[PDB]
Structure formats: structure tokens, C-alpha cells
Number of protein chains: 2
Amino acid sequence: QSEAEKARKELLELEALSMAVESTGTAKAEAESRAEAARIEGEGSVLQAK
Amino acid sequence: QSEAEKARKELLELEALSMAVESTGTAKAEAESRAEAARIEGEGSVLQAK
């Protein structure tokens with residue numbers, strides 16, 4: 001069981017890296033989509049105001 | 001399982017890229033459609049005012 005835990009430590013490190021990658025990817029994708037939509041809406045608003 | 005997680009990290013990176021592409025594409029498409037509609041409506045409004 002000690003040897004199994006020795007391997008499980010590295011396995012958990014890899015799992016943590018994968019989880020961080022997935023979470024940051026999802027968050028950045030949603031944030032960038034919303035930001036692009038807001039920028040387009042703002043430019044349209046400027047033109048409509050003119 | 002450690003090797004499987006090693007591969008899964010790259011798989012999740014690719015999935016994050018694909019998700020970001022899809023989200024930004026949908027958002028920008030909807031925003032640009034609404035902006036074009038607003039611009040056409042504004043030009044029509046100017047002509048109607050004249």
C-alpha cells in the first residue's frame with residue numbers, strides 16, 4: 001500500500017494539472033466570448049448614436 | 001492511470017481550444033447580426049426623418 005500511495009502521488013499531481021487546464025480553458029472561453037459580444041455591441045451603439 | 005492522465009492533459013487542452021472557438025464564434029455571429037440590423041435601421045430612420 002505504501003508503494004501504491006507513492007505512485008498515487010504522481011497520479012494526483014497529473015490529475016491536478018489536467019483539472020486546472022480544463023477549468024481555466026472553460027472560464028477563459030466564456031469570458032472572451034462575452035467580452036467580444038460586448039465590444040461589438042459597443043461599436044454598434046456608437047454608430048447608432050451617430 | 002498516470003500515463004492515461006498524461007494523455008488526458010493534452011486532450012483537455014485541445015477540448016478547451018475547441019470550446020473557446022465555438023463560444024466566440026457564436027457570440028460574434030449574433031453580435032454582428034444585431035449590429036448590422038441596427039445600422040440598417042438607423043440609416044432608414046435618417047431617411048424617414050428627412
# chains A, B, ... in the order shown; residues from 1 in each chain; ligands from 1

call {"tool": "interface_residues", "arguments": {"of": "chain A", "to": "chain B", "cutoff": "9 Å", "atoms": "only C-alpha atoms", "output": "tab-separated table (two decimals) with N, CA, C and O atoms, in the first residue's frame"}}
result
chain	number	residue	atom	x	y	z
A	7	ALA	N	2.98	5.83	-6.02
A	7	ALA	CA	2.55	6.08	-7.39
A	7	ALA	C	1.36	7.05	-7.44
A	7	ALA	O	1.27	7.90	-8.34
A	8	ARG	N	0.44	6.91	-6.48
A	8	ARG	CA	-0.77	7.72	-6.48
A	8	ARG	C	-0.45	9.20	-6.31
A	8	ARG	O	-1.22	10.05	-6.76
A	10	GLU	N	2.07	10.92	-7.75
A	10	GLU	CA	2.30	11.43	-9.10
A	10	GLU	C	1.00	11.44	-9.91
A	10	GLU	O	0.75	12.38	-10.68
A	11	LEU	N	0.18	10.40	-9.74
A	11	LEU	CA	-1.10	10.37	-10.45
A	11	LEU	C	-1.96	11.58	-10.07
A	11	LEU	O	-2.57	12.21	-10.94
A	12	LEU	N	-1.99	11.92	-8.78
A	12	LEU	CA	-2.79	13.05	-8.33
A	12	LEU	C	-2.22	14.37	-8.82
A	12	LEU	O	-2.97	15.31	-9.11
A	14	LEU	N	-0.71	14.80	-11.71
A	14	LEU	CA	-1.15	14.90	-13.10
A	14	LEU	C	-2.63	15.25	-13.18
A	14	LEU	O	-3.04	16.06	-14.02
A	15	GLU	N	-3.45	14.66	-12.31
A	15	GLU	CA	-4.88	14.98	-12.30
A	15	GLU	C	-5.11	16.44	-11.96
A	15	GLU	O	-6.00	17.08	-12.53
A	17	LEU	N	-3.05	18.95	-12.56
A	17	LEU	CA	-2.70	19.73	-13.75
A	17	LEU	C	-3.83	19.70	-14.77
A	17	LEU	O	-4.20	20.74	-15.33
A	18	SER	N	-4.39	18.52	-15.03
A	18	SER	CA	-5.47	18.40	-16.01
A	18	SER	C	-6.70	19.20	-15.57
A	18	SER	O	-7.33	19.87	-16.40
A	19	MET	N	-7.05	19.12	-14.29
A	19	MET	CA	-8.21	19.86	-13.79
A	19	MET	C	-8.01	21.36	-13.93
A	19	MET	O	-8.93	22.09	-14.33
A	21	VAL	N	-6.11	22.89	-16.13
A	21	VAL	CA	-6.19	23.21	-17.56
A	21	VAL	C	-7.65	23.31	-18.00
A	21	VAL	O	-8.06	24.27	-18.65
A	22	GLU	N	-8.46	22.31	-17.62
A	22	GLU	CA	-9.86	22.30	-18.04
A	22	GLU	C	-10.61	23.51	-17.50
A	22	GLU	O	-11.34	24.18	-18.23
A	23	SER	N	-10.43	23.80	-16.21
A	23	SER	CA	-11.17	24.90	-15.59
A	23	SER	C	-10.79	26.23	-16.21
A	23	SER	O	-11.66	27.05	-16.55
A	24	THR	N	-9.48	26.48	-16.36
A	24	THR	CA	-9.06	27.76	-16.93
A	24	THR	C	-9.49	27.89	-18.38
A	24	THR	O	-9.88	28.98	-18.82
A	25	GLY	N	-9.49	26.79	-19.14
A	25	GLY	CA	-9.95	26.85	-20.51
A	25	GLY	C	-11.41	27.23	-20.61
A	25	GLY	O	-11.78	28.12	-21.38
A	26	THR	N	-12.26	26.58	-19.81
A	26	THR	CA	-13.69	26.89	-19.84
A	26	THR	C	-13.93	28.35	-19.44
A	26	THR	O	-14.68	29.08	-20.11
A	28	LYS	N	-11.89	30.99	-19.46
A	28	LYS	CA	-11.38	31.96	-20.42
A	28	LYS	C	-12.21	31.97	-21.69
A	28	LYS	O	-12.43	33.03	-22.28
A	29	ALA	N	-12.71	30.81	-22.13
A	29	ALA	CA	-13.55	30.77	-23.31
A	29	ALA	C	-14.82	31.57	-23.10
A	29	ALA	O	-15.19	32.42	-23.92
A	30	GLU	N	-15.52	31.32	-21.98
A	30	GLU	CA	-16.76	32.05	-21.73
A	30	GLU	C	-16.50	33.54	-21.58
A	30	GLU	O	-17.24	34.37	-22.14
A	32	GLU	N	-14.02	35.39	-22.81
A	32	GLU	CA	-13.65	36.02	-24.07
A	32	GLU	C	-14.85	36.14	-25.00
A	32	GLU	O	-14.99	37.15	-25.71
A	33	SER	N	-15.73	35.14	-25.02
A	33	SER	CA	-16.94	35.25	-25.83
A	33	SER	C	-17.79	36.43	-25.38
A	33	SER	O	-18.24	37.25	-26.20
A	34	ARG	N	-18.00	36.56	-24.06
A	34	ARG	CA	-18.81	37.67	-23.57
A	34	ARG	C	-18.14	39.01	-23.85
A	34	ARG	O	-18.82	39.99	-24.20
A	36	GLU	N	-16.08	39.78	-26.37
A	36	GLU	CA	-16.22	40.09	-27.79
A	36	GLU	C	-17.63	40.56	-28.11
A	36	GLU	O	-17.82	41.53	-28.87
A	37	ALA	N	-18.64	39.90	-27.54
A	37	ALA	CA	-20.01	40.34	-27.75
A	37	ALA	C	-20.21	41.76	-27.25
A	37	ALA	O	-20.85	42.59	-27.92
A	38	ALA	N	-19.66	42.08	-26.07
A	38	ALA	CA	-19.81	43.42	-25.52
A	38	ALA	C	-19.12	44.46	-26.39
A	38	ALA	O	-19.65	45.56	-26.59
A	39	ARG	N	-17.93	44.13	-26.92
A	39	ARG	CA	-17.23	45.08	-27.79
A	39	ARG	C	-18.03	45.36	-29.06
A	39	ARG	O	-18.15	46.52	-29.49
A	40	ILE	N	-18.57	44.31	-29.68
A	40	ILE	CA	-19.37	44.50	-30.89
A	40	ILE	C	-20.60	45.34	-30.58
A	40	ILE	O	-20.96	46.26	-31.34
A	41	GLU	N	-21.27	45.06	-29.46
A	41	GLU	CA	-22.43	45.84	-29.07
A	41	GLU	C	-22.07	47.31	-28.84
A	41	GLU	O	-22.83	48.20	-29.20
A	43	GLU	N	-19.55	49.06	-30.26
A	43	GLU	CA	-19.32	49.72	-31.54
A	43	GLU	C	-20.64	49.99	-32.26
A	43	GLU	O	-20.85	51.08	-32.82
A	44	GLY	N	-21.56	49.02	-32.24
A	44	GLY	CA	-22.87	49.24	-32.81
A	44	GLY	C	-23.61	50.38	-32.13
A	44	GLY	O	-24.29	51.17	-32.79
A	45	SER	N	-23.48	50.48	-30.80
A	45	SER	CA	-24.12	51.57	-30.07
A	45	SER	C	-23.56	52.92	-30.48
A	45	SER	O	-24.30	53.90	-30.61
A	47	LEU	N	-22.26	53.70	-33.43
A	47	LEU	CA	-22.80	54.02	-34.76
A	47	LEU	C	-24.26	54.44	-34.69
A	47	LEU	O	-24.69	55.39	-35.37
A	48	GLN	N	-25.05	53.74	-33.87
A	48	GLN	CA	-26.46	54.09	-33.71
A	48	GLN	C	-26.61	55.48	-33.11
A	48	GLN	O	-27.52	56.23	-33.50
A	49	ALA	N	-25.75	55.84	-32.16
A	49	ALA	CA	-25.80	57.18	-31.58
A	49	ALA	C	-25.50	58.23	-32.63
A	49	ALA	O	-26.15	59.28	-32.67
A	50	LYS	N	-24.52	57.97	-33.50
A	50	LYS	CA	-24.22	58.92	-34.57
A	50	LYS	C	-25.43	59.12	-35.49
A	50	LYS	O	-25.82	60.26	-35.79

call {"tool": "calpha_fit_and_write", "arguments": {"fixed": "chain B", "moving": "chain A", "output": "PDB file with N, CA and C atoms, in the first residue's frame"}}
result
ATOM      1  N   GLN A   1      -2.763   4.393 -14.998  1.00  0.00           N
ATOM      2  CA  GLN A   1      -3.637   5.550 -14.844  1.00  0.00           C
ATOM      3  C   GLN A   1      -2.849   6.850 -14.942  1.00  0.00           C
ATOM      4  N   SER A   2      -1.608   6.851 -14.452  1.00  0.00           N
ATOM      5  CA  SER A   2      -0.768   8.038 -14.592  1.00  0.00           C
ATOM      6  C   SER A   2      -0.503   8.357 -16.059  1.00  0.00           C
ATOM      7  N   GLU A   3      -0.185   7.336 -16.858  1.00  0.00           N
ATOM      8  CA  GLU A   3       0.016   7.560 -18.291  1.00  0.00           C
ATOM      9  C   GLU A   3      -1.266   8.052 -18.962  1.00  0.00           C
ATOM     10  N   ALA A   4      -2.404   7.474 -18.575  1.00  0.00           N
ATOM     11  CA  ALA A   4      -3.682   7.908 -19.129  1.00  0.00           C
ATOM     12  C   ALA A   4      -3.947   9.375 -18.817  1.00  0.00           C
ATOM     13  N   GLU A   5      -3.639   9.808 -17.592  1.00  0.00           N
ATOM     14  CA  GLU A   5      -3.803  11.217 -17.243  1.00  0.00           C
ATOM     15  C   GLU A   5      -2.833  12.097 -18.025  1.00  0.00           C
ATOM     16  N   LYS A   6      -1.620  11.592 -18.273  1.00  0.00           N
ATOM     17  CA  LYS A   6      -0.669  12.330 -19.098  1.00  0.00           C
ATOM     18  C   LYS A   6      -1.252  12.629 -20.474  1.00  0.00           C
ATOM     19  N   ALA A   7      -1.890  11.636 -21.092  1.00  0.00           N
ATOM     20  CA  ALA A   7      -2.541  11.886 -22.382  1.00  0.00           C
ATOM     21  C   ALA A   7      -3.768  12.784 -22.229  1.00  0.00           C
ATOM     22  N   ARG A   8      -4.524  12.585 -21.147  1.00  0.00           N
ATOM     23  CA  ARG A   8      -5.757  13.333 -20.943  1.00  0.00           C
ATOM     24  C   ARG A   8      -5.493  14.823 -20.781  1.00  0.00           C
ATOM     25  N   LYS A   9      -4.306  15.199 -20.302  1.00  0.00           N
ATOM     26  CA  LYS A   9      -3.984  16.622 -20.197  1.00  0.00           C
ATOM     27  C   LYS A   9      -3.995  17.296 -21.569  1.00  0.00           C
ATOM     28  N   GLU A  10      -3.304  16.698 -22.543  1.00  0.00           N
ATOM     29  CA  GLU A  10      -3.310  17.241 -23.899  1.00  0.00           C
ATOM     30  C   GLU A  10      -4.709  17.196 -24.500  1.00  0.00           C
ATOM     31  N   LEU A  11      -5.442  16.107 -24.243  1.00  0.00           N
ATOM     32  CA  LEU A  11      -6.811  16.028 -24.752  1.00  0.00           C
ATOM     33  C   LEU A  11      -7.662  17.178 -24.217  1.00  0.00           C
ATOM     34  N   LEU A  12      -7.520  17.493 -22.927  1.00  0.00           N
ATOM     35  CA  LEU A  12      -8.297  18.573 -22.332  1.00  0.00           C
ATOM     36  C   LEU A  12      -7.870  19.931 -22.871  1.00  0.00           C
ATOM     37  N   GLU A  13      -6.579  20.107 -23.153  1.00  0.00           N
ATOM     38  CA  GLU A  13      -6.136  21.356 -23.774  1.00  0.00           C
ATOM     39  C   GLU A  13      -6.801  21.552 -25.136  1.00  0.00           C
ATOM     40  N   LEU A  14      -6.835  20.490 -25.945  1.00  0.00           N
ATOM     41  CA  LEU A  14      -7.488  20.590 -27.249  1.00  0.00           C
ATOM     42  C   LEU A  14      -8.980  20.868 -27.099  1.00  0.00           C
ATOM     43  N   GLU A  15      -9.628  20.214 -26.131  1.00  0.00           N
ATOM     44  CA  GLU A  15     -11.050  20.457 -25.902  1.00  0.00           C
ATOM     45  C   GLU A  15     -11.306  21.899 -25.487  1.00  0.00           C
ATOM     46  N   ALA A  16     -10.426  22.464 -24.656  1.00  0.00           N
ATOM     47  CA  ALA A  16     -10.574  23.856 -24.249  1.00  0.00           C
ATOM     48  C   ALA A  16     -10.450  24.790 -25.445  1.00  0.00           C
ATOM     49  N   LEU A  17      -9.483  24.524 -26.329  1.00  0.00           N
ATOM     50  CA  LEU A  17      -9.359  25.345 -27.533  1.00  0.00           C
ATOM     51  C   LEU A  17     -10.623  25.273 -28.381  1.00  0.00           C
ATOM     52  N   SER A  18     -11.156  24.064 -28.578  1.00  0.00           N
ATOM     53  CA  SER A  18     -12.364  23.911 -29.387  1.00  0.00           C
ATOM     54  C   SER A  18     -13.551  24.635 -28.756  1.00  0.00           C
ATOM     55  N   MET A  19     -13.703  24.518 -27.434  1.00  0.00           N
ATOM     56  CA  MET A  19     -14.806  25.186 -26.750  1.00  0.00           C
ATOM     57  C   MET A  19     -14.704  26.699 -26.882  1.00  0.00           C
ATOM     58  N   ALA A  20     -13.493  27.242 -26.726  1.00  0.00           N
ATOM     59  CA  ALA A  20     -13.310  28.680 -26.888  1.00  0.00           C
ATOM     60  C   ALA A  20     -13.676  29.119 -28.298  1.00  0.00           C
ATOM     61  N   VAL A  21     -13.237  28.357 -29.304  1.00  0.00           N
ATOM     62  CA  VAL A  21     -13.551  28.703 -30.689  1.00  0.00           C
ATOM     63  C   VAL A  21     -15.061  28.727 -30.904  1.00  0.00           C
ATOM     64  N   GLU A  22     -15.751  27.683 -30.440  1.00  0.00           N
ATOM     65  CA  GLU A  22     -17.197  27.601 -30.643  1.00  0.00           C
ATOM     66  C   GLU A  22     -17.918  28.762 -29.962  1.00  0.00           C
ATOM     67  N   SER A  23     -17.563  29.041 -28.705  1.00  0.00           N
ATOM     68  CA  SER A  23     -18.253  30.087 -27.956  1.00  0.00           C
ATOM     69  C   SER A  23     -18.032  31.454 -28.593  1.00  0.00           C
ATOM     70  N   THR A  24     -16.781  31.773 -28.938  1.00  0.00           N
ATOM     71  CA  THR A  24     -16.514  33.081 -29.524  1.00  0.00           C
ATOM     72  C   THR A  24     -17.168  33.211 -30.894  1.00  0.00           C
ATOM     73  N   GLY A  25     -17.220  32.123 -31.670  1.00  0.00           N
ATOM     74  CA  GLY A  25     -17.885  32.190 -32.959  1.00  0.00           C
ATOM     75  C   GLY A  25     -19.364  32.491 -32.828  1.00  0.00           C
ATOM     76  N   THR A  26     -20.048  31.779 -31.927  1.00  0.00           N
ATOM     77  CA  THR A  26     -21.478  32.022 -31.737  1.00  0.00           C
ATOM     78  C   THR A  26     -21.733  33.451 -31.263  1.00  0.00           C
ATOM     79  N   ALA A  27     -20.962  33.900 -30.267  1.00  0.00           N
ATOM     80  CA  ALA A  27     -21.177  35.235 -29.715  1.00  0.00           C
ATOM     81  C   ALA A  27     -20.943  36.309 -30.769  1.00  0.00           C
ATOM     82  N   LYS A  28     -19.848  36.196 -31.526  1.00  0.00           N
ATOM     83  CA  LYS A  28     -19.540  37.213 -32.522  1.00  0.00           C
ATOM     84  C   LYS A  28     -20.550  37.200 -33.659  1.00  0.00           C
ATOM     85  N   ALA A  29     -21.048  36.019 -34.040  1.00  0.00           N
ATOM     86  CA  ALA A  29     -22.058  35.958 -35.090  1.00  0.00           C
ATOM     87  C   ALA A  29     -23.325  36.686 -34.666  1.00  0.00           C
ATOM     88  N   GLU A  30     -23.830  36.379 -33.466  1.00  0.00           N
ATOM     89  CA  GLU A  30     -25.051  37.037 -33.011  1.00  0.00           C
ATOM     90  C   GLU A  30     -24.849  38.544 -32.868  1.00  0.00           C
ATOM     91  N   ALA A  31     -23.712  38.954 -32.294  1.00  0.00           N
ATOM     92  CA  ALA A  31     -23.460  40.375 -32.094  1.00  0.00           C
ATOM     93  C   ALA A  31     -23.366  41.118 -33.420  1.00  0.00           C
ATOM     94  N   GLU A  32     -22.677  40.536 -34.405  1.00  0.00           N
ATOM     95  CA  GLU A  32     -22.533  41.203 -35.693  1.00  0.00           C
ATOM     96  C   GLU A  32     -23.865  41.283 -36.428  1.00  0.00           C
ATOM     97  N   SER A  33     -24.688  40.234 -36.338  1.00  0.00           N
ATOM     98  CA  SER A  33     -26.009  40.299 -36.957  1.00  0.00           C
ATOM     99  C   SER A  33     -26.838  41.427 -36.354  1.00  0.00           C
ATOM    100  N   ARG A  34     -26.854  41.519 -35.020  1.00  0.00           N
ATOM    101  CA  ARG A  34     -27.629  42.576 -34.379  1.00  0.00           C
ATOM    102  C   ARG A  34     -27.083  43.956 -34.729  1.00  0.00           C
ATOM    103  N   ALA A  35     -25.756  44.092 -34.799  1.00  0.00           N
ATOM    104  CA  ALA A  35     -25.159  45.382 -35.137  1.00  0.00           C
ATOM    105  C   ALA A  35     -25.512  45.807 -36.558  1.00  0.00           C
ATOM    106  N   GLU A  36     -25.464  44.871 -37.509  1.00  0.00           N
ATOM    107  CA  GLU A  36     -25.831  45.202 -38.882  1.00  0.00           C
ATOM    108  C   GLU A  36     -27.297  45.604 -38.978  1.00  0.00           C
ATOM    109  N   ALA A  37     -28.174  44.876 -38.278  1.00  0.00           N
ATOM    110  CA  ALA A  37     -29.585  45.247 -38.267  1.00  0.00           C
ATOM    111  C   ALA A  37     -29.776  46.651 -37.703  1.00  0.00           C
ATOM    112  N   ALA A  38     -29.073  46.972 -36.615  1.00  0.00           N
ATOM    113  CA  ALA A  38     -29.196  48.297 -36.013  1.00  0.00           C
ATOM    114  C   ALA A  38     -28.698  49.386 -36.955  1.00  0.00           C
ATOM    115  N   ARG A  39     -27.594  49.134 -37.663  1.00  0.00           N
ATOM    116  CA  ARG A  39     -27.081  50.128 -38.606  1.00  0.00           C
ATOM    117  C   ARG A  39     -28.073  50.390 -39.732  1.00  0.00           C
ATOM    118  N   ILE A  40     -28.651  49.321 -40.291  1.00  0.00           N
ATOM    119  CA  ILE A  40     -29.629  49.492 -41.363  1.00  0.00           C
ATOM    120  C   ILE A  40     -30.841  50.262 -40.853  1.00  0.00           C
ATOM    121  N   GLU A  41     -31.312  49.925 -39.649  1.00  0.00           N
ATOM    122  CA  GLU A  41     -32.447  50.640 -39.070  1.00  0.00           C
ATOM    123  C   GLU A  41     -32.124  52.115 -38.862  1.00  0.00           C
ATOM    124  N   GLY A  42     -30.896  52.424 -38.442  1.00  0.00           N
ATOM    125  CA  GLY A  42     -30.526  53.817 -38.241  1.00  0.00           C
ATOM    126  C   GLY A  42     -30.496  54.612 -39.532  1.00  0.00           C
ATOM    127  N   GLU A  43     -29.936  54.025 -40.595  1.00  0.00           N
ATOM    128  CA  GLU A  43     -29.938  54.714 -41.886  1.00  0.00           C
ATOM    129  C   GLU A  43     -31.364  54.931 -42.387  1.00  0.00           C
ATOM    130  N   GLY A  44     -32.215  53.908 -42.254  1.00  0.00           N
ATOM    131  CA  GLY A  44     -33.611  54.074 -42.614  1.00  0.00           C
ATOM    132  C   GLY A  44     -34.292  55.161 -41.805  1.00  0.00           C
ATOM    133  N   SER A  45     -33.970  55.246 -40.514  1.00  0.00           N
ATOM    134  CA  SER A  45     -34.544  56.284 -39.664  1.00  0.00           C
ATOM    135  C   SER A  45     -34.118  57.671 -40.124  1.00  0.00           C
ATOM    136  N   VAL A  46     -32.854  57.820 -40.526  1.00  0.00           N
ATOM    137  CA  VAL A  46     -32.386  59.113 -41.026  1.00  0.00           C
ATOM    138  C   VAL A  46     -33.168  59.510 -42.276  1.00  0.00           C
ATOM    139  N   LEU A  47     -33.328  58.570 -43.212  1.00  0.00           N
ATOM    140  CA  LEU A  47     -34.068  58.881 -44.435  1.00  0.00           C
ATOM    141  C   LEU A  47     -35.525  59.221 -44.134  1.00  0.00           C
ATOM    142  N   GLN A  48     -36.149  58.467 -43.224  1.00  0.00           N
ATOM    143  CA  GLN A  48     -37.531  58.742 -42.848  1.00  0.00           C
ATOM    144  C   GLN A  48     -37.661  60.111 -42.199  1.00  0.00           C
ATOM    145  N   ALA A  49     -36.684  60.495 -41.375  1.00  0.00           N
ATOM    146  CA  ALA A  49     -36.709  61.820 -40.766  1.00  0.00           C
ATOM    147  C   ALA A  49     -36.625  62.909 -41.826  1.00  0.00           C
ATOM    148  N   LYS A  50     -35.772  62.717 -42.834  1.00  0.00           N
ATOM    149  CA  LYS A  50     -35.686  63.694 -43.918  1.00  0.00           C
ATOM    150  C   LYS A  50     -37.027  63.846 -44.637  1.00  0.00           C
TER     151      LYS A  50
END

call {"tool": "decode", "arguments": {"residues": "chain B", "atoms": "C-alpha atoms", "output": "short mmCIF file (atom, residue, chain, number, x, y, z; two decimals), in the first residue's frame"}}
result
data_model
loop_
_atom_site.label_atom_id
_atom_site.label_comp_id
_atom_site.auth_asym_id
_atom_site.auth_seq_id
_atom_site.Cartn_x
_atom_site.Cartn_y
_atom_site.Cartn_z
CA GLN B 1 -3.64 5.55 -14.84
CA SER B 2 -0.77 8.04 -14.59
CA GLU B 3 0.02 7.56 -18.29
CA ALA B 4 -3.68 7.91 -19.13
CA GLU B 5 -3.80 11.22 -17.24
CA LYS B 6 -0.67 12.33 -19.10
CA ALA B 7 -2.54 11.88 -22.38
CA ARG B 8 -5.76 13.33 -20.94
CA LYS B 9 -3.98 16.62 -20.20
CA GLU B 10 -3.31 17.24 -23.90
CA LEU B 11 -6.81 16.03 -24.75
CA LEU B 12 -8.30 18.57 -22.33
CA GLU B 13 -6.14 21.35 -23.77
CA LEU B 14 -7.49 20.59 -27.25
CA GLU B 15 -11.05 20.46 -25.90
CA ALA B 16 -10.57 23.86 -24.25
CA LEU B 17 -9.36 25.34 -27.53
CA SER B 18 -12.36 23.91 -29.39
CA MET B 19 -14.81 25.19 -26.75
CA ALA B 20 -13.31 28.68 -26.89
CA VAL B 21 -13.55 28.70 -30.69
CA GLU B 22 -17.20 27.60 -30.64
CA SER B 23 -18.25 30.09 -27.96
CA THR B 24 -16.51 33.08 -29.52
CA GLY B 25 -17.89 32.19 -32.96
CA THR B 26 -21.48 32.02 -31.74
CA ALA B 27 -21.18 35.23 -29.71
CA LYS B 28 -19.54 37.21 -32.52
CA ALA B 29 -22.06 35.96 -35.09
CA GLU B 30 -25.05 37.04 -33.01
CA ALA B 31 -23.46 40.38 -32.09
CA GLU B 32 -22.53 41.20 -35.69
CA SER B 33 -26.01 40.30 -36.96
CA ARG B 34 -27.63 42.58 -34.38
CA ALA B 35 -25.16 45.38 -35.14
CA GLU B 36 -25.83 45.20 -38.88
CA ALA B 37 -29.59 45.25 -38.27
CA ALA B 38 -29.20 48.30 -36.01
CA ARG B 39 -27.08 50.13 -38.61
CA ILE B 40 -29.63 49.49 -41.36
CA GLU B 41 -32.45 50.64 -39.07
CA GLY B 42 -30.53 53.82 -38.24
CA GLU B 43 -29.94 54.72 -41.89
CA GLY B 44 -33.61 54.08 -42.61
CA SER B 45 -34.54 56.28 -39.66
CA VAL B 46 -32.39 59.11 -41.03
CA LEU B 47 -34.07 58.88 -44.44
CA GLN B 48 -37.53 58.74 -42.85
CA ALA B 49 -36.71 61.82 -40.77
CA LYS B 50 -35.69 63.69 -43.92
#
